[PDB]
Amino acid sequence: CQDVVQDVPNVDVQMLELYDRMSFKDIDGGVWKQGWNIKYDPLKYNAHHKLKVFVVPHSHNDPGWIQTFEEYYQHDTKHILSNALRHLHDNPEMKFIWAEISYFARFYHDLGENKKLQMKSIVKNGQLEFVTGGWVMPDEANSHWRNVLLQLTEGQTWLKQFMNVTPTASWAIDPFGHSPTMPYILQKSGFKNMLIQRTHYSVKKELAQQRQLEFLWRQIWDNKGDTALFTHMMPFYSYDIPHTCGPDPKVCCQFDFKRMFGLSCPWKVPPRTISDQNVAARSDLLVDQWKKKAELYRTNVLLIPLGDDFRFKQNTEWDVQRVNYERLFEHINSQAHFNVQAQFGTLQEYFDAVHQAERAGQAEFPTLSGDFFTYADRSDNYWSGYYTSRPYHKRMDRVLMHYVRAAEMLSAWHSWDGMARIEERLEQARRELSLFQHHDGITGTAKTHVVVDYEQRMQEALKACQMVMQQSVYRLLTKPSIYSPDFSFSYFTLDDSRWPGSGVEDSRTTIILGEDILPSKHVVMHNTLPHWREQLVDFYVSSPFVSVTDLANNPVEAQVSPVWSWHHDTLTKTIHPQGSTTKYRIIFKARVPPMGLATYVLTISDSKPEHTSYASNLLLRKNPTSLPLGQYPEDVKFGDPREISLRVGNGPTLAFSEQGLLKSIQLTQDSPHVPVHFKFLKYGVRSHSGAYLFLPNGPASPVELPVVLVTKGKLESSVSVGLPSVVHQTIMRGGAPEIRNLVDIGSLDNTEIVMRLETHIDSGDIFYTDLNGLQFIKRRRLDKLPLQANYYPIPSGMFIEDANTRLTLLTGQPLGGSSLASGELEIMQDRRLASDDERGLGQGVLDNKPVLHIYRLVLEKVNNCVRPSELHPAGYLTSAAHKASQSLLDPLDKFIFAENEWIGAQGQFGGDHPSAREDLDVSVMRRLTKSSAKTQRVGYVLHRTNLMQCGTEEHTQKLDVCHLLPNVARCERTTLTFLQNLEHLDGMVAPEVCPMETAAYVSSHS
Ligand SMILES: [Zn+2]
């Protein structure tokens, strides 16, 4: 095994370091606007050192942007691949690369057998080539690493099944910034090489100067060097033909043969058909470009992409590009003076050639670690707005992410008869989720009608996850002797207190109890994590007089709180809460096995149970209306606005300011009231910013201000303020608090609502954000760079720390954030924008809906924690912080029994299940086989995080995922897509995964 805290990795290019050293000066550099005039010695090239040129045709296809997936399919993409099929068939030497399997599958199932076999031919012989082979070309900023794997597996499996192919080269031309989570995943999936485009123009500049655009990209912790994937960064502004042939767009544009008159060259200089008349001169023009570009690479091998957005649509586009290019090649290759071999190639061809050139001693390649955020395409145009854009759907991503994992896991335990339609529903759930991983989905960068389409897809996916989950729970918890299922029937419905969230929609069922009508109700909790988890759960009940027992009929400590619903009187411009008189919240701690189920019973009585406590309700306002709660025991107490100090359990004592905003945290009963000021601030737009670009007009200024609701219970206490736009809540359950905001920006125009945390922590210039919920990276705030440059993705978490203290904020939804000062954390909530970015949308953001954002807040003492070196580019969470994240992203699933009596009800599932070390996670459990298959196969993905040793350790059972199901007959260790066996495990025992490593195993059963 390998240590990731003490031993700082020795890299050629550490990106944080480089960031400290660069000028980031926006120097006009010539025709290559963001570079220089490239000079090459022409006597570099002779017969023994010829230039090898791969011209690589592509179309960039958005699975949704201006148009929906199916719109783009009918209008554009079906034609593209219909021609690719016809042309590559007809033209043996013609090549094409393809990335988006979403469209490829959409096309191939329409094909007519003959067509499928021909499509197979041109794949077999290497003419058509899949690159990455993801369901989509994913966003790398906002996407969770699990969903990155998901989309990958969807596409690559499709490819394995239908095409017999597994791509080992990746292609990422349009993501807005690049994440190291990609090489992490791709290298663990048997990939050999990757390619990126959109990095910061100044980084393109700094790297090109040093011949560092090709590099072995390794993880920020990786000392040993095994995570390292070969990366080709492309050097120019775009992936268009203008920016691909070499440094001069004016030149490059004349070899985009589609442009001769709908399309045209914005350098005024048209392309011209190649003939015997012009060949030699055009050839010279072009070879000079190639050779210029080739100067930026350590080898005499060179990659020339040929295409653009939805290219190769027209039949005649295929001739015009091909024929003209054939003419140039045929010339250049016979003209020995040039010293150039030029041909239509694929991305693998390019890559294999680079390595073959490295075999022949031409180059030794540099090591790089770090990330490629925050991307700027030009001047002070940083793309940090998209970290936040359409935040509803960002939340929705996470919810569905959870529902996918749980539905796959819950149904994994049993083989299912085909009539059950479990496969079909899981297939769809994954696809819809995989689709939203697209760099115009989760980013929030599409048109309104497309965002609508994604929602509908995701809604259907959720509906599908519920069905699979309930059917499964019913099977797992009903005696085999009773189990006699109607696959189409609802045994259970989910309850989700967090999605959409109670302000957002009235979507939660009330359990209706009564002495005559329905005396008691079975509820079931699911725990997807492979450890014992205790967690507070709530349900809506029709009476306060409800007691909780387990199925073993033993009483369970409960709290009843009312059902609060914030109203806005337009009458007053006031944010008042309202009580429900007809429904109540029952809260109790559920204990649930590793990867298991636990049943519970809610029973009514005629009065207060022994073991059910009531919460008091204080409503601080100047001038109250007295407020009925019906049968609720305790009447609402009223008062003038005061400073507050609540505790719950032994877990921390939180002080609140007089308008209900956390003002300090006291950890123990010795520790100081350590100050932590929540503030709300607004940003605006310059007059001198849109769906992609964060363009602020100066520092953020506070929101002008105010009703405060305190609920105080034995299990749970909240503090809830209704400010304009935001209903802010602080919930306390005897650990690190929960922050919920119901954000409605709504009317407020050209505005961006942020959440700041002013602490007296001596962070200085240092903060740490995460990347894809996989890793925490160090960020230095840079005085040189503008504000929006200091904003990073917060997909899951961020933290600041001094020598003694840390404050971590975990999220349940990816947002934008920064530590703009010493002891700050901030994080964007929503953004409404009238102005377009002019990146091709046509709109700003004018479609905002209410969203319930969720957080956790972990203040901690870190002085006796085994801390990484000042030099180390990574951070690592503590137990507390890590569990807080798990609590956000993977909560307990709640199931209410639909009918009146549950004959055959069992109490529990998986009490026999091993309870694995807290730092281990079964990220995926998925059955890989249908019932009508001889051998049942079940894949597992295990991820081991790394946490700070802090003394902090109670013994736990080793988990061997090979033996989680009986009759194991084979356990191979696989690629993360499950598509290739890496290891035969003798004795069918899965070894321990190292910290920061991610393994996948497939177990076979008999
Ligand atoms: Zn795109």
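Heads up: numbering here begins at 1 and tracks the sequence. Just follow the structure's listing: the first ligand is 1, and inside any ligand the first atom is 1. Note: hydrogens, waters and symmetry copies are ignored here, and every other heavy atom, side chains too, is used.
With a cut-off of 2.8 Å, the protein N/O/S atoms near the Zn ion (ligand 1) add up to 4.
In this structure, the side chain to side chain contact (heavy atoms under 4.5 Å, CB included) partners of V56, at least two apart in sequence or on a different chain, are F54, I97, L303. Annotation: side chain to side chain contact (heavy atoms under 4.5 Å, CB included) contacts of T445 (sequence neighbours excluded): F176, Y386, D440, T443, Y692. For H60, the ring pair (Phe, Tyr, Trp, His ring centres under 6.0 Å) partners two or more places apart in sequence, or in a different chain, are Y239, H439.
A cation-pi geometry, defined here as NZ or CZ lying under 6.0 Å from the six-membered ring centre and within 45° of its normal, holds between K849 and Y392.
The minimum heavy-atom distance linking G64 with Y103 is given by the pair N-OH, 3.8 Å.
Taken to the nearest 0.5 Å, the CD atom of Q813 stands 11.0 Å off from the CG atom of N142.
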